[PDB]
Each structure stands twice: as structure tokens, then as C-alpha cells.
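Raw query08.txt, compact mmCIF, C-alpha atoms:
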```txt
# COMPACT_ATOMS: atom_id res chain seq x y z
CA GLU I 1 125.72 61.17 -16.05
CA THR I 2 128.46 60.22 -13.59
CA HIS I 3 126.28 59.83 -10.47
CA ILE I 4 123.20 57.79 -9.62
CA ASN I 5 120.08 58.37 -7.51
CA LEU I 6 118.78 55.38 -5.54
CA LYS I 7 115.84 54.87 -3.19
CA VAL I 8 116.30 52.77 -0.04
CA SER I 9 113.13 51.43 1.57
CA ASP I 10 112.48 48.97 4.39
CA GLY I 11 108.71 49.22 4.01
CA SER I 12 108.73 51.91 6.72
CA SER I 13 111.48 54.43 5.91
CA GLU I 14 112.19 55.42 2.29
CA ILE I 15 115.15 57.73 1.64
CA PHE I 16 116.82 58.95 -1.55
CA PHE I 17 120.61 58.92 -1.92
CA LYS I 18 122.94 60.13 -4.67
CA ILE I 19 126.30 58.39 -5.10
CA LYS I 20 129.03 57.82 -7.65
CA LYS I 21 128.45 54.80 -9.87
CA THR I 22 132.14 53.88 -9.42
CA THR I 23 132.10 53.87 -5.59
CA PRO I 24 131.26 50.93 -3.31
CA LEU I 25 127.69 50.64 -2.06
CA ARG I 26 128.98 50.53 1.54
CA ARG I 27 128.46 54.25 2.21
CA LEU I 28 124.82 54.00 1.13
CA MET I 29 124.41 50.89 3.28
CA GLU I 30 125.94 52.54 6.33
CA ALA I 31 124.31 55.99 6.31
CA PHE I 32 120.85 54.43 6.00
CA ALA I 33 121.52 51.96 8.82
CA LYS I 34 123.43 54.31 11.14
CA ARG I 35 120.52 56.76 10.93
CA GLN I 36 118.55 54.23 12.99
CA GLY I 37 121.62 53.49 15.12
CA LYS I 38 122.04 49.97 13.71
CA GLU I 39 125.12 48.41 12.17
CA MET I 40 125.12 47.83 8.42
CA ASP I 41 125.51 44.05 8.83
CA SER I 42 122.37 44.02 11.02
CA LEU I 43 120.36 44.76 7.85
CA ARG I 44 120.00 42.81 4.61
CA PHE I 45 119.81 44.90 1.44
CA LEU I 46 118.32 43.47 -1.75
CA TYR I 47 118.43 44.62 -5.36
CA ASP I 48 115.93 42.66 -7.48
CA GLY I 49 115.68 40.17 -4.61
CA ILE I 50 119.44 39.53 -4.33
CA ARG I 51 121.65 40.45 -1.37
CA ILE I 52 123.99 43.37 -2.05
CA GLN I 53 127.62 43.00 -1.02
CA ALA I 54 129.13 46.10 0.57
CA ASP I 55 132.12 46.17 -1.79
CA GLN I 56 129.84 46.14 -4.84
CA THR I 57 129.41 49.26 -6.97
CA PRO I 58 126.28 50.53 -8.78
CA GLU I 59 127.80 49.86 -12.21
CA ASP I 60 128.51 46.27 -11.13
CA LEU I 61 124.77 45.74 -10.60
CA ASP I 62 123.65 47.62 -13.75
CA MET I 63 121.72 50.02 -11.51
CA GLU I 64 119.53 52.58 -13.29
CA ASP I 65 118.16 55.96 -12.26
CA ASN I 66 115.46 56.01 -9.56
CA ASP I 67 116.23 52.38 -8.72
CA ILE I 68 115.01 50.84 -5.46
CA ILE I 69 117.00 49.00 -2.77
CA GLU I 70 114.99 46.92 -0.29
CA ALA I 71 116.03 46.81 3.36
CA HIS I 72 115.03 44.07 5.80
CA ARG I 73 115.85 43.53 9.46
CA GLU I 74 118.11 40.55 10.07
CA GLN I 75 117.72 37.81 12.69
CA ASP J 1 93.36 63.96 4.24
CA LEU J 2 94.72 67.50 4.17
CA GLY J 3 98.03 66.38 5.67
CA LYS J 4 98.55 63.00 4.00
CA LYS J 5 97.93 64.56 0.58
CA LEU J 6 100.45 67.34 1.30
CA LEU J 7 103.34 64.92 1.87
CA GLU J 8 102.37 62.90 -1.21
CA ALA J 9 102.28 66.08 -3.30
CA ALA J 10 105.64 67.24 -1.91
CA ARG J 11 107.28 64.09 -3.24
CA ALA J 12 107.28 63.45 -7.02
CA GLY J 13 107.06 67.23 -7.56
CA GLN J 14 103.36 68.11 -7.70
CA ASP J 15 104.01 71.82 -7.19
CA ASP J 16 100.51 72.79 -8.32
CA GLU J 17 98.93 70.29 -5.91
CA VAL J 18 101.12 71.44 -3.01
CA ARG J 19 100.06 75.01 -3.73
CA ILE J 20 96.42 73.87 -3.77
CA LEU J 21 96.63 72.16 -0.37
CA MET J 22 98.50 75.04 1.25
CA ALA J 23 96.05 77.57 -0.20
CA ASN J 24 93.20 75.42 1.14
CA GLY J 25 94.62 75.54 4.68
CA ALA J 26 96.70 72.35 4.83
CA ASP J 27 99.17 72.06 7.71
CA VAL J 28 102.62 72.57 6.19
CA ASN J 29 104.12 71.06 9.37
CA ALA J 30 102.17 67.79 9.11
CA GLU J 31 103.91 64.55 10.08
CA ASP J 32 103.70 60.95 8.93
CA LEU J 33 104.40 57.85 11.00
CA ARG J 34 108.10 58.20 10.10
CA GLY J 35 108.30 61.74 11.50
CA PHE J 36 108.71 63.21 8.01
CA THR J 37 107.30 66.66 7.24
CA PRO J 38 106.46 67.89 3.71
CA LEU J 39 109.70 69.89 3.72
CA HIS J 40 111.57 66.64 4.39
CA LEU J 41 110.21 64.83 1.32
CA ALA J 42 110.50 67.97 -0.80
CA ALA J 43 114.19 68.29 0.06
CA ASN J 44 115.01 64.57 -0.23
CA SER J 45 113.40 64.44 -3.70
CA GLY J 46 115.39 67.41 -5.03
CA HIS J 47 112.34 69.68 -5.44
CA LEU J 48 113.74 73.19 -5.03
CA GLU J 49 110.68 75.32 -5.82
CA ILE J 50 108.41 73.33 -3.51
CA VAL J 51 111.03 73.66 -0.76
CA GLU J 52 111.06 77.43 -1.27
CA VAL J 53 107.25 77.58 -1.15
CA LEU J 54 107.10 75.53 2.05
CA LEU J 55 109.82 77.64 3.69
CA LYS J 56 108.13 80.91 2.67
CA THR J 57 104.84 79.69 4.16
CA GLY J 58 106.52 78.80 7.46
CA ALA J 59 107.62 75.17 7.41
CA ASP J 60 109.92 74.14 10.26
CA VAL J 61 113.35 74.26 8.63
CA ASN J 62 114.82 72.34 11.60
CA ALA J 63 112.05 69.72 11.77
CA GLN J 64 113.27 66.40 13.16
CA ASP J 65 112.03 63.05 11.86
CA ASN J 66 111.68 59.94 14.03
CA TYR J 67 115.50 59.68 14.23
CA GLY J 68 116.40 63.38 14.36
CA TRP J 69 117.11 63.82 10.65
CA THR J 70 116.45 67.37 9.44
CA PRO J 71 115.69 68.56 5.89
CA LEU J 72 119.38 69.49 5.71
CA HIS J 73 120.33 65.83 6.19
CA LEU J 74 117.98 64.66 3.43
CA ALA J 75 119.24 67.41 1.12
CA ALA J 76 122.89 66.53 1.82
CA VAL J 77 122.42 62.80 1.16
CA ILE J 78 121.34 63.60 -2.42
CA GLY J 79 124.01 66.28 -2.88
CA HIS J 80 121.52 69.00 -3.86
CA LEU J 81 123.52 72.23 -3.57
CA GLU J 82 120.66 74.68 -4.16
CA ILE J 83 118.31 73.19 -1.51
CA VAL J 84 121.18 73.02 1.04
CA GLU J 85 121.92 76.74 0.42
CA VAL J 86 118.23 77.61 0.60
CA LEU J 87 117.79 75.74 3.88
CA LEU J 88 120.96 77.29 5.32
CA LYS J 89 119.77 80.76 4.30
CA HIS J 90 116.40 79.99 5.93
CA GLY J 91 117.84 79.03 9.33
CA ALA J 92 118.65 75.32 9.04
CA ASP J 93 121.07 74.18 11.75
CA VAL J 94 124.30 73.36 9.93
CA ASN J 95 125.56 71.22 12.84
CA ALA J 96 122.27 69.46 13.60
CA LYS J 97 122.90 66.07 15.21
CA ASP J 98 120.49 63.17 14.74
CA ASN J 99 119.71 60.60 17.43
CA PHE J 100 123.20 59.05 17.01
CA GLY J 101 125.46 62.06 16.44
CA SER J 102 125.39 62.08 12.62
CA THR J 103 125.64 65.64 11.25
CA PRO J 104 125.04 66.79 7.66
CA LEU J 105 128.82 67.17 7.34
CA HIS J 106 129.19 63.52 8.38
CA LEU J 107 126.72 62.35 5.72
CA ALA J 108 128.28 64.56 3.04
CA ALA J 109 131.76 63.24 3.84
CA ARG J 110 130.64 59.60 3.90
CA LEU J 111 128.51 59.72 0.74
CA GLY J 112 131.22 61.60 -1.17
CA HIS J 113 129.81 65.06 -1.94
CA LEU J 114 132.69 67.53 -2.21
CA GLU J 115 130.55 70.59 -2.99
CA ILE J 116 128.18 69.89 -0.10
CA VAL J 117 131.13 69.47 2.28
CA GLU J 118 132.64 72.74 1.07
CA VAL J 119 129.37 74.65 1.46
CA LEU J 120 128.71 73.21 4.92
CA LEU J 121 132.22 74.22 5.98
CA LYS J 122 131.58 77.68 4.52
CA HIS J 123 128.43 77.93 6.65
CA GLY J 124 130.12 76.71 9.85
CA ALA J 125 130.12 72.92 9.92
CA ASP J 126 131.90 71.40 12.92
CA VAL J 127 134.85 69.30 11.77
CA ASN J 128 135.43 67.94 15.29
CA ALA J 129 131.87 66.60 15.55
CA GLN J 130 131.82 62.96 16.70
CA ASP J 131 128.95 60.53 16.14
CA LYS J 132 127.97 57.77 18.57
CA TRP J 133 130.70 55.67 16.92
CA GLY J 134 133.37 58.28 17.69
CA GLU J 135 134.08 59.16 14.05
CA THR J 136 134.68 62.68 12.77
CA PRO J 137 133.70 63.48 9.16
CA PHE J 138 137.39 63.23 8.27
CA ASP J 139 137.32 59.65 9.55
CA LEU J 140 134.31 58.84 7.35
CA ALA J 141 135.93 60.51 4.33
CA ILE J 142 139.20 58.59 4.72
CA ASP J 143 137.19 55.44 5.47
CA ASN J 144 134.94 55.44 2.40
CA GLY J 145 137.78 56.20 -0.03
CA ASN J 146 136.91 59.92 -0.21
CA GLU J 147 140.46 61.22 0.04
CA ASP J 148 140.14 64.57 -1.77
CA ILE J 149 137.16 65.30 0.47
CA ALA J 150 139.29 64.41 3.51
CA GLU J 151 141.84 66.95 2.25
CA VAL J 152 139.45 69.88 2.79
CA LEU J 153 138.30 68.46 6.13
CA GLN J 154 141.91 68.24 7.33
CA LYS J 155 142.62 71.79 6.11
CA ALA J 156 139.89 73.15 8.39
CA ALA J 157 141.96 71.83 11.35
```
Once you've parsed the file, please lay out its structure as C-alpha cells.
Amino acid sequence: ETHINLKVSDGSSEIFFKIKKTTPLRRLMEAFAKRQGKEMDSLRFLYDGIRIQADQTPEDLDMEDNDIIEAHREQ
Amino acid sequence: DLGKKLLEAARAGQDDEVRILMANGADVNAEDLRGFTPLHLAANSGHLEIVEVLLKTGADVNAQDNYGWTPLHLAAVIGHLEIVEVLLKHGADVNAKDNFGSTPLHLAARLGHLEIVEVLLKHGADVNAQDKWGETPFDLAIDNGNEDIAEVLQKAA
């Protein structure tokens, strides 16, 4: 009830994460990116087609269970 | 498609289908283009029984994906205590480093999973482990606002 499960996909790598709904998305952004050795800012993350700010929290975006976050390479 | 069906069955929790493939001779160590093995998707999806079945059949508990992530990493990122314990009891490397130095303790500290951090420390997680960015799990915990988690990491000195 207090946490949230989210799927991050770039069309090639899809990974599930579980985070607090009151914590910034940044951790989820970083762990996914740093797995590939890239910086977080070298990747654009979209929820419903809208860029996600790092300081944003899941409850700020009305995120639901088993929601999907799209990842795209920048530049 | 003995392999490709096994990974699909491992995710979404098709325990009966996974049993069917593995009883029909499917390779439990099959890989996709991302380096993921059926144990990987079973652990990342929080499917405990399927993880136990795969481990009992002989799945590589330390299998590395395309970037060195093990099933322990994918279990720690979702904070699944049971699967972590099962993998640790089945030989999973607690201090496994991916291609860029990220350990399961690092991911648990960054994502904010106190129980996973405590269990990894109980099983011998390296506090002094440094990623390619030179950050110990304490640094990630104090970075991402996870202060109470950084308390336990500091106590392990």
C-alpha cells in the first residue's frame, strides 16, 4: 500500500523496480541508467509520453501499480 | 521455441507452463538478446515458486545478463526478501559486481530497501565496495535521502 512497482523499458531492456511513492524518481532513473554505465541525464524517461523530472515522486504523477516508464537514448 | 517460451512463462507467473517446458526438456539456462535467463525474469517479477523450481532443476544462480546483472540484482531492485534469501541460500554471490561495479547492496541502498540491505549485510555484503563512480552503498544511501539505511551501513564500519 505504501510502495509501488514500476516497469522501465527502452524497447530493449525491461526491468521491474519497487520504490516508495513518497520518494523522488531519481533513484529509479539512476539505477536503470547506471546498469548500462550511462548517466541518468543521457536518457529521457517518459510517463504517458511526458518527460519525468528527477525530483518528481510517483504520487505526483498519479502512478498506479504495474505502470510503465519508457526510456529513450538522448542525442 | 523451447527457450523463448520458457522466459515468457517465467514472467507473469505461468508456473504450470514453466513446469511443462522444463518437463519437456527446455533449457533452463536459455538466454534472450538481453542476456536474461528464465531465473532472471522469475526473480525480477517476484515469482518465488518458479524461482525455487528453476533453482532446484539447476538454473545458474549467478547468471550474468548483458551488463553483468545477476538474479540477486533483479530481486534486490524489487525488494523481494524471500527470493533474495532463496538465491543466497542457493549460492548467489552476495557481492556480485556488474559491468560498472554496482553490487546488490548498492542497488538496495539506492532504491531504499532497508530489509534487503540488512539481509545482504547479514549474508556478507561488502560495505566498502565502490562502483565505477567511486560511490560506496553508504554514499548512495545518504545521496538518495535514505538516511536510516545509511545508519546501518555506517554501523558495519
List the spatial neighbours of residue 30 (chain I) as a VMD selection string - criterion: any atom at most 10 Å away, all atoms listed in the file, same-chain residues fewer than 4 positions off excluded. (chain I and resid 25 to 26 34 to 35 37 to 41 43 54) or (chain J and resid 107 110 to 111)
Using only C-alpha atoms, find the residues of chain I whose closest atom to chain J is at most 7 Å away, then write them as JSON, numbers by chain. {"I": [13, 16, 17, 18, 19, 27, 28, 31, 35, 36, 37]}
8 Å contact set for residue 74 (chain I), only C-alpha atoms, chain neighbours under 2 positions out, as a PyMOL selection string: chain I and resi 42-44+72
For the selection you just gave me, I'd like the residues written to a file as a compact mmCIF listing (two decimals), in the coordinates of the input, keeping C-alpha atoms.
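For reference, again29.txt as written:
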```
# COMPACT_ATOMS: atom_id res chain seq x y z
CA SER I 42 122.37 44.02 11.02
CA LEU I 43 120.36 44.76 7.85
CA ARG I 44 120.00 42.81 4.61
CA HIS I 72 115.03 44.07 5.80
```
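CA of residue 71 (chain J) lies 14.5 Å from CA of residue 32 (chain J).
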Please report the interatomic distance between CA of residue 14 (chain I) and CA of residue 11 (chain J) in Å with one decimal.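 Rounded to one decimal, the two atoms are 11.4 Å apart.
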So what do you get for CA of residue 50 (chain J) versus CA of residue 119 (chain J), distance-wise?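 Answer for the CA of residue 50 (chain J) to CA of residue 119 (chain J) separation: 21.6 Å.
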As lines of an AutoDock Vina configuration file: centre and edge lengths in Å, one decimal, of the axis-aligned box holding region 60-69 of chain I with 6 Å per side:
```
center_x = 121.8
center_y = 50.9
center_z = -8.3
size_x = 25.5
size_y = 22.3
size_z = 23.0
```
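Close contacts of residue 9 (chain I), defined as residues with an atom at most 8 Å away when counting all atoms listed in the file, with chain neighbours fewer than 6 positions off set aside, comprise residues 15, 68, 69, 70 and 71 of chain I.
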Within 12 Å of (126.4, 44.1, -4.6) (file coordinates; all atoms listed in the file), which protein or nucleic acid residues are there? I'd like them as a ChimeraX atom specification. /I:23-26,28-29,44-63,69
Considering all atoms listed in the file, state which residue in the set J:10, J:127, J:72, J:86 is at the smallest distance from residue 56 (chain J).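 Nearest to residue 56 (chain J): J:86.
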What would the file be for region 1-35 of chain I if you keep N, CA, C and O atoms and write it as a tab-separated table (two decimals), in the first residue's frame?
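Output saved as decode_21.tsv:
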```
chain	number	residue	atom	x	y	z
I	1	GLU	N	0.83	-1.20	0.00
I	1	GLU	CA	0.00	0.00	0.00
I	1	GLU	C	0.86	1.26	0.00
I	1	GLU	O	0.48	2.29	-0.56
I	2	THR	N	2.04	1.17	0.63
I	2	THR	CA	2.94	2.30	0.74
I	2	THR	C	3.95	2.38	-0.40
I	2	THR	O	4.47	3.47	-0.67
I	3	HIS	N	4.24	1.26	-1.06
I	3	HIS	CA	5.22	1.21	-2.13
I	3	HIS	C	4.53	1.03	-3.48
I	3	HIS	O	3.31	0.88	-3.57
I	4	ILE	N	5.34	1.05	-4.54
I	4	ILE	CA	4.83	0.99	-5.90
I	4	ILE	C	5.81	0.18	-6.74
I	4	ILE	O	7.03	0.28	-6.57
I	5	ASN	N	5.27	-0.63	-7.64
I	5	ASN	CA	6.06	-1.41	-8.60
I	5	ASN	C	5.92	-0.79	-9.98
I	5	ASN	O	4.80	-0.56	-10.45
I	6	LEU	N	7.05	-0.52	-10.63
I	6	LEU	CA	7.07	0.15	-11.92
I	6	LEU	C	8.00	-0.59	-12.87
I	6	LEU	O	9.05	-1.09	-12.47
I	7	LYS	N	7.61	-0.63	-14.14
I	7	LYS	CA	8.40	-1.28	-15.19
I	7	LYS	C	9.06	-0.22	-16.05
I	7	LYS	O	8.40	0.70	-16.54
I	8	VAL	N	10.38	-0.35	-16.23
I	8	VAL	CA	11.15	0.57	-17.05
I	8	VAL	C	11.61	-0.18	-18.29
I	8	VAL	O	12.30	-1.20	-18.18
I	9	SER	N	11.24	0.33	-19.46
I	9	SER	CA	11.57	-0.30	-20.73
I	9	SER	C	12.11	0.75	-21.69
I	9	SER	O	11.59	1.87	-21.75
I	10	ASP	N	13.15	0.38	-22.43
I	10	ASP	CA	13.66	1.19	-23.53
I	10	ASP	C	13.43	0.53	-24.88
I	10	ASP	O	14.09	0.87	-25.86
I	11	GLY	N	12.49	-0.41	-24.94
I	11	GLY	CA	12.30	-1.24	-26.11
I	11	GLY	C	13.24	-2.41	-26.21
I	11	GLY	O	12.98	-3.34	-26.99
I	12	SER	N	14.32	-2.42	-25.43
I	12	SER	CA	15.31	-3.48	-25.43
I	12	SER	C	15.50	-4.13	-24.07
I	12	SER	O	15.61	-5.35	-23.98
I	13	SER	N	15.53	-3.34	-23.00
I	13	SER	CA	15.72	-3.84	-21.64
I	13	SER	C	14.55	-3.39	-20.78
I	13	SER	O	14.33	-2.18	-20.60
I	14	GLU	N	13.80	-4.35	-20.25
I	14	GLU	CA	12.66	-4.08	-19.38
I	14	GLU	C	12.96	-4.64	-18.00
I	14	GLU	O	13.27	-5.83	-17.86
I	15	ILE	N	12.87	-3.79	-16.98
I	15	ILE	CA	13.25	-4.16	-15.62
I	15	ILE	C	12.20	-3.61	-14.65
I	15	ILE	O	11.74	-2.47	-14.79
I	16	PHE	N	11.83	-4.43	-13.67
I	16	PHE	CA	10.89	-4.03	-12.63
I	16	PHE	C	11.63	-3.44	-11.44
I	16	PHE	O	12.69	-3.93	-11.04
I	17	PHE	N	11.07	-2.37	-10.88
I	17	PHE	CA	11.58	-1.73	-9.68
I	17	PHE	C	10.44	-1.56	-8.69
I	17	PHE	O	9.27	-1.51	-9.06
I	18	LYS	N	10.80	-1.48	-7.41
I	18	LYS	CA	9.83	-1.23	-6.34
I	18	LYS	C	10.38	-0.10	-5.48
I	18	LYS	O	11.48	-0.21	-4.93
I	19	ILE	N	9.62	0.99	-5.37
I	19	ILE	CA	10.08	2.19	-4.67
I	19	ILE	C	8.94	2.77	-3.84
I	19	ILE	O	7.76	2.50	-4.07
I	20	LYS	N	9.31	3.61	-2.88
I	20	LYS	CA	8.32	4.36	-2.12
I	20	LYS	C	7.63	5.37	-3.02
I	20	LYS	O	8.25	6.01	-3.87
I	21	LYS	N	6.31	5.53	-2.82
I	21	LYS	CA	5.56	6.52	-3.57
I	21	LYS	C	5.85	7.94	-3.12
I	21	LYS	O	5.45	8.89	-3.81
I	22	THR	N	6.54	8.12	-1.99
I	22	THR	CA	6.87	9.44	-1.46
I	22	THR	C	8.32	9.82	-1.70
I	22	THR	O	8.77	10.86	-1.20
I	23	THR	N	9.07	9.01	-2.46
I	23	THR	CA	10.47	9.28	-2.72
I	23	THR	C	10.67	9.77	-4.16
I	23	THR	O	9.89	9.41	-5.05
I	24	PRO	N	11.69	10.59	-4.41
I	24	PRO	CA	11.92	11.07	-5.77
I	24	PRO	C	12.22	9.93	-6.74
I	24	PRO	O	12.78	8.90	-6.36
I	25	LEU	N	11.82	10.13	-8.00
I	25	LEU	CA	12.06	9.13	-9.03
I	25	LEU	C	13.54	8.92	-9.31
I	25	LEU	O	13.89	7.91	-9.93
I	26	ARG	N	14.41	9.83	-8.85
I	26	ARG	CA	15.81	9.86	-9.28
I	26	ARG	C	16.48	8.50	-9.13
I	26	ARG	O	17.15	8.03	-10.06
I	27	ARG	N	16.30	7.85	-7.98
I	27	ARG	CA	16.91	6.54	-7.75
I	27	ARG	C	16.57	5.58	-8.89
I	27	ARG	O	17.46	5.01	-9.53
I	28	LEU	N	15.28	5.47	-9.21
I	28	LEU	CA	14.84	4.61	-10.30
I	28	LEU	C	15.46	5.03	-11.62
I	28	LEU	O	15.83	4.17	-12.44
I	29	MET	N	15.59	6.33	-11.86
I	29	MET	CA	16.24	6.79	-13.08
I	29	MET	C	17.71	6.37	-13.10
I	29	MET	O	18.23	5.97	-14.15
I	30	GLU	N	18.39	6.46	-11.95
I	30	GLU	CA	19.83	6.26	-11.96
I	30	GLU	C	20.19	4.79	-12.07
I	30	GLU	O	20.99	4.40	-12.93
I	31	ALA	N	19.59	3.95	-11.22
I	31	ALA	CA	19.92	2.53	-11.21
I	31	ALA	C	19.72	1.89	-12.57
I	31	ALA	O	20.54	1.08	-13.02
I	32	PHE	N	18.63	2.25	-13.26
I	32	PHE	CA	18.41	1.73	-14.60
I	32	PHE	C	19.50	2.20	-15.56
I	32	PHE	O	20.01	1.42	-16.37
I	33	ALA	N	19.87	3.49	-15.49
I	33	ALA	CA	20.86	4.01	-16.42
I	33	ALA	C	22.26	3.51	-16.08
I	33	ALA	O	23.00	3.04	-16.96
I	34	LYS	N	22.63	3.57	-14.80
I	34	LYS	CA	23.97	3.18	-14.38
I	34	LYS	C	24.23	1.69	-14.57
I	34	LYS	O	25.39	1.27	-14.55
I	35	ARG	N	23.17	0.89	-14.74
I	35	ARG	CA	23.37	-0.51	-15.11
I	35	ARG	C	24.08	-0.62	-16.45
I	35	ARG	O	24.96	-1.46	-16.63
```
